[PDB]
DNA sequence: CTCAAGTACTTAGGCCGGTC
DNA sequence: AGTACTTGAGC
RNA sequence: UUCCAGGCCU
Ligand SMILES: [Mg+2]
Ligand SMILES: [Zn+2]
Ligand SMILES: [Zn+2]
Ligand SMILES: [Zn+2]
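Protein chains in written order, with the deposited numbering: chain F, 1343 to 1454; chain G, 2 to 560; chain C, 840 to 1081, 1093 to 1119; chain D, 109 to 215; chain E, 1 to 171; chain B, 68 to 155; chain V, 1128 to 1224; chain U, 1 to 76, 111 to 221.
Written out as structure tokens, the structure reads:
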């Protein structure tokens, strides 16, 4: 019922301008806040503290500090994070990168 | 890139494991003994003293030399050195945790102050989470200040049982500068001691206490037996970032440079040497600690300079001296400003001026830029022809190219190479050519807050120095012409372009999901005009109509 | 803040919506696995209007001289009158359309009927029209079975989640539901033949289109909806040229988990 | 279960886990005056047999964590006597699908 | 001794060779990069087996450039000596410090001080030799050695051995 | 620790079609390979450009490429350019 | 020109996988170092000529990798290292999930 | 670039490289040679010790089985010999010049060694040896040594193959020995 | 053991003089 | 600056 | 390069 009101209130914020946004967007963010367990805030304090990889959260306000605590608590980073790669200089598991591509000898013969 | 092939099987980083150096590793790893504080200069004689700044680590001045590793400058990344401290020093950052951990364990033994024996403890001693655990754990025993040897067993609380020993009461620690202090007790007007008993916590003291902390206790808290043992939050040996992290920006020859960092280290080094000699020699004892705290400062400020106990450690001139942490600190930081957003090659910018004679998806690029921006194209028995034309056509006539790259990783500069008019392209070579009419390109108009604030357009090289983009695509970029500019980048790989062309094309972004409706559409002159054109009261005789008809590119050509 | 907070939220190959943790954040993106791009303000007729009118439009009674299909609309019209077997199907249809009424009037307590929904159907027929030059004069050539029974299968094929099991399949249903209402709203026996003399072909056509036109409207596992949604919101936020804490500042108030609104109100009914 | 009028003994309460299995729930009077579940916003939830649950994960390749969570204190959580680990099926209306199936695990 | 281990080997192919004779070239490459190789890990690789069933698997096309990486799973015969492994082979070289006996693709060396002392060392020997009451060693003269130690090298696991124990020496 | 690779083409769950990305990603890849002077499996009717040949190879589904789709956990489903549909 | 954050977000949205990377690497930083297959550090003493790889202390010279990342991050790492922080790099993984 | 040659067993090397045993005929072979190595089929499989000749066959085998696939495509001959010692040094020497890598100096030098010092130049006979030896619980490395290492006394045996000792009695092993010097294909 | 300071952290994002 | 956790403090 | 300052993007 909270998520309800949350989205509810949010909607009106964008409705005060008449502007229209498709529920999905707003709902998503609204969800990302509530799923966690209660009311996770879109702030250095809120979201950017959850179990996401160190590197990822690093790029948003805790910067140094966040890493420090990582070496202290010997964290591990999947590098599943959009950001992780960006920093790493790797193609990120995103759209065009959410899958691999192989040459299947087979096919590559039946064609000729 | 980083040139010169290496049989080194290559991969991608999958996991990223954070830890904390063990003085020893720092040692093993190190190539430099790092003794002298002085930059180098074989005492005036130019070179480097086997002291600081390349006593082996990477080198300066175009020189293969670099403890064999050779590979002048570009290639040979840094080669860490070390520098055995004089006395253990807190790590400017872990400070709080060094305290919060002490507030958790007992001195003398180094054991938890809350064994499973205490239930509340279990509650925390089971909160899977190397932090939310260390969170509870601490809050729990940060109160119990006496390492007890007896507690009411898992049976009648009338039949106590033991565990560890030494009950030595434990002082309430509290922060001050870069050193901790606690105050014990023992009765008050009863039998000796009375009010507090202020004692300062020396690093050596602490460090040891931590070291003794149990293996399972390590973890129990929130640490790690292999990568980050509490006993490490304290630096014994100090890793020396090599030249490329502290590049001596050298002004010509026989002129200074040395990076701000290189100084703070030289500082640290000196401060150290003094300390050792005050011991190994005439030690006015408690007059040394007066010159030790100094090291505990440099080595502290070296990493973080923007602290609480103010003293910004000014680089004589007022400059505060950039602490490493300041280098990564958000925005401009190695992170927010270098890795999440870099400066780039193959990009251009100019003032934009709308054109009603372009196709929605084109973008008028000035010939000037068309000849500047290139595109690596492989030589193929498909283009071998066109390509040789461009090449030999020169990097100055528009449709041409400026560089040809044979297999042998070496670039032929067309605007000079006394064989420019020669060159027999080789299928398998590459020919950076000029951006040509209809190459895909990412054109954008920061602030880039829309998905469609960066769409890919078709090049249509034109004259005059302006990006002449179509009108309808005005609104999506939030673009106007009263002095507004726009950046545009050029893809570089056959698949990259493919990615712009197949997903970033303007025709595509045409109908946006942030409002399941189209984001572009007719405006101004066309709109203000479309209206008038319509209206019952508006007619057009032949002649004109015939022209109008003609103007529609497609038109079945049938009045 | 928004963007950095949603970065890694994309629609995975199972239609789930997650992040680097693989933690779910929406079981079916947008609660309907549809890409916002393919959606238009459709109209769910089966919701408004008088209880009266409803009949006049969706009711088809073959067991009656006044509520049957005057065989000028249908071909097999006259020879269907009274067929108690067809009035069974023709009844399930009308039974369902009415369940819908009391469904929509339940989700949309408001009464509103214009909403965002995949596959525009008015146009998909608007063309169905002139594409076969359908002349409203002469009679159709469908059966109460052709219509009713084919529309039933149209639905069988508007797959969103594929999964081969109850938990998954049962989600499929959920995730669609609303569309289908729109479907039966517009592909109702009466409507189909009397409102737009749909030939057999014409209809068989409209069906396949609705199908693939649907299938296309689905969402592509790849979409980086996190970064999306964020922009899509933080965008019309910069365009907010601003007695209760309104827009811009209020929005911030929200995202912060405002530990004490400026305006707090409490509207009680 | 239990309905206290104005409170309970901070010393008594410390005897709820006194008889495991069989556990005891505590509720307030003025708290049950109105049923929250009935509220225009709160949708219906539903407990889930260890079967319905393990089936919910086997069918979504999910780990316990990856599941959206509901506080142990969550108002509704108590209502349906939730417990650490139990799942719930929040089934609610939707201006898009019309009906959305969502799952919440307990903290 | 001589083992047969199951190995693998990621080989990257150019999109160039993305033809029909791929498996064909691939195998041929694997063979180029293995038969005759050497490691400290697996030691002398000698001969790949079952040429016909070399598994290639679907190789993946790399990112930036179109190359493909295939993890060619194979198997082969190998030889990795050990300390204390008794091997007999033919003498090769022979100096004032000892003779070098070859056992397999490898070369075990025996120092003067590692064989019985009564076994002199003929100087004006044509070819160079070592003698004893009833023993003469040189060129061929087959020997049976006890590999005392190994020294994995570039691509040639070397080793030293004695013949001073019992049941050791000439054959 | 599942060496239990992933889903057999039988039981595959994903979408039967191709994602706007997958085609974008394929076309590019294949082109990038054709530009690399790779083998072409169509009769270029001129089409000197690669992302053209790519586009064409893709129309006769004569692209020897296999899309390895990954699932939120690790398991994956394998699809051939042939199998996939193209209403993209 | 700078293709900062704003623009990155933009491409992610777009799904522009490769391209983002391409502008993040090839059209900028893009650099190459060597790793010890064990201590995920840049230690390795790459003599790309006689191939010797040592990386002593950890003593390898046999199990080593080559990786392409942005010289920025390379720095960022020695930079973290300088503050006694070990940002190890692993070519594989174990965590699974 | 060019990867090395990974093996079929992944031991999670976590920082602590400290350990690495000491190879010894103490049957303390490298980890890459444990009784319990893992067949690339994923299934477990005991070590694989080949004794001279027994190995010589394996080589010549696939080495020729190779000369065929080498011609099955040369369109789109060979067929064995008969033990003759020296005359084989020539036979195989050729087989190499076709299916071999050429500069694969080792493989060639491994053949001449293997072919000269081979102990049972003949298939059947070699299988015979195996049936015999392989059935002693004896580790493969021994099963090998005992195979390719001519021996007389249990003393000469248990000595050149120390690991044995307590393992199999003297007379028993003594028997077996005599069995080999019997099967020991003539020349 | 429960209440009011203490105690610290970004602040949007591109591009274009004087002297450290 | 504002602004939100966290710590210090009189009970 | 760096450090401060100012400026422009209706
Ligand atoms: Mg302007
Ligand atoms: Zn070097
Ligand atoms: Zn103690
Ligand atoms: Zn190392």
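Where is the CB? At the ideal position from N, CA and C, for every residue including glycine.
Assignment of beta-bridge partners to residue 161 (chain E) by DSSP yields E:147. A direct Cα-to-Cα measurement between residue 5 (chain U) and residue 1218 (chain V) gives close to 16 angstroms.
When C-beta distances to chain E are compared with 8 angstroms, the residues of the stretch 1140–1170 of chain V below that value are 1145, 1148, 1149, 1153, in chain order. Within chain V, the residues placing a beta-carbon under 8 angstroms from that of residue 842 (chain C) are 1136, ordered along the chain. Closer than 8 angstroms to the CB of residue 1219 (chain V) there is not a single CB belonging to chain B. Sequence-distant Cβ neighbours of residue 189 (chain D) in its own chain, meaning closer than 7 angstroms and more than five residues away, are 133.
For residue 366 (chain G), the secondary structure class from DSSP, reduced to helix, strand or coil, is strand.
Within 7 angstroms of the C-beta of residue 287 (chain G) there is not a single heavy atom belonging to ligand 2. If you draw a straight line from the Cα of residue 951 (chain C) to the Cα of residue 887 (chain C), it comes to about 8 angstroms. Annotation: the continuous beta strand (DSSP E) that includes residue 19 (chain G) extends over 16–21.
Chain D places a beta carbon closer than 8 angstroms to that of residue 140 (chain B), counting this residue as a contact. Proximity to residue 1379 (chain F) across F:1344, F:1350, F:1405, F:1362 peaks at F:1344, based on C-alpha coordinates. By the criterion of at least three beta-carbon pairs nearer than 8 angstroms, the stretch 12–29 of chain U is in contact with the stretch 73–83 of chain E.
Scanning chain E for C-beta atoms nearer than 9 angstroms to the C-beta of residue 1189 (chain V) yields 39, 40, 41, reported in chain order. Among the residues facing chain V, residue 137 (chain B) is not included, as its CB has no counterpart in that chain under 8 angstroms away. If you draw a 10 Å sphere on the C-beta of residue 1116 (chain C), you find fewer than 16 other C-beta atoms in it, and that means exposed. Scanning chain G for C-beta atoms nearer than 7 angstroms to the C-beta of residue 105 (chain B) yields nothing, as the closest lies near 10 angstroms away.
Per DSSP, reduced to three states, the secondary structure at residue 954 (chain C) is strand. Counting only Cβ-Cβ distances below 7 angstroms, residue 1429 (chain F) has contacts in chain V at 1200, in chain order. Inclusion of residue 19 (chain E) and residue 106 (chain B) in the CB contact set at 8 angstroms is warranted, their separation being smaller than that value. Its Cα nearest to that of residue 24 (chain E), the residue U:73 stands out among U:48, U:44, U:73, U:168. Identification of chain V residues near residue 63 (chain E) by a Cβ-Cβ cut-off of 8 angstroms yields 1145, 1148, ordered along the chain.
Taking a C-beta cut-off of 9 angstroms against chain G, the contacting residues of the stretch 1421–1449 of chain F are 1421, 1425, 1426, 1427, 1428, 1429, 1430, 1431, 1432, 1433, 1437, 1438, listed in chain order.
Counting the other CB atoms within 10 Å of its CB gives residue 981 (chain C) a total of 16 or more, which places it among the buried residues.
At least one heavy atom of ligand 1 lies less than 7 angstroms from the C-beta of residue 484 (chain G).
In the same chain as residue 113 (chain G), and ignoring 5 residues on each side of it, the C-beta atoms closer than 6 angstroms to its own belong to 218, in chain order.
Secondary structure of residue 1163 (chain V) (DSSP, three-state): strand. Interface criterion met: the Cβ of residue 10 (chain E) is under 8 angstroms from a Cβ in chain G. Here residue 976 (chain C) is exposed: its Cβ has fewer than 16 other Cβ atoms, across all protein chains shown, within 10 Å. Counting the other Cβ atoms within 10 Å of the Cβ of residue 988 (chain C) gives fewer than 16, which makes it exposed.
For the stretch 1050–1078 of chain C, residues whose beta-carbon sits nearer than 8 angstroms to a beta-carbon of chain B comprise 1051, 1054, 1055, 1057, 1059, 1060, 1061. For residue 1098 (chain C), same chain residues with a beta-carbon under 8 angstroms away, outside a window of 5 residues either side, are 1076, 1079, 1081 in chain order.
In the displayed model, residue 13 (chain U) falls within coil according to three-state DSSP, outside both helix and strand. Boundaries of the beta strand (DSSP E) harbouring residue 445 (chain G): 441–445, taken from the DSSP string.
Taking 8 angstroms as the CB threshold, residue 1223 (chain V) lines the interface with chain B.
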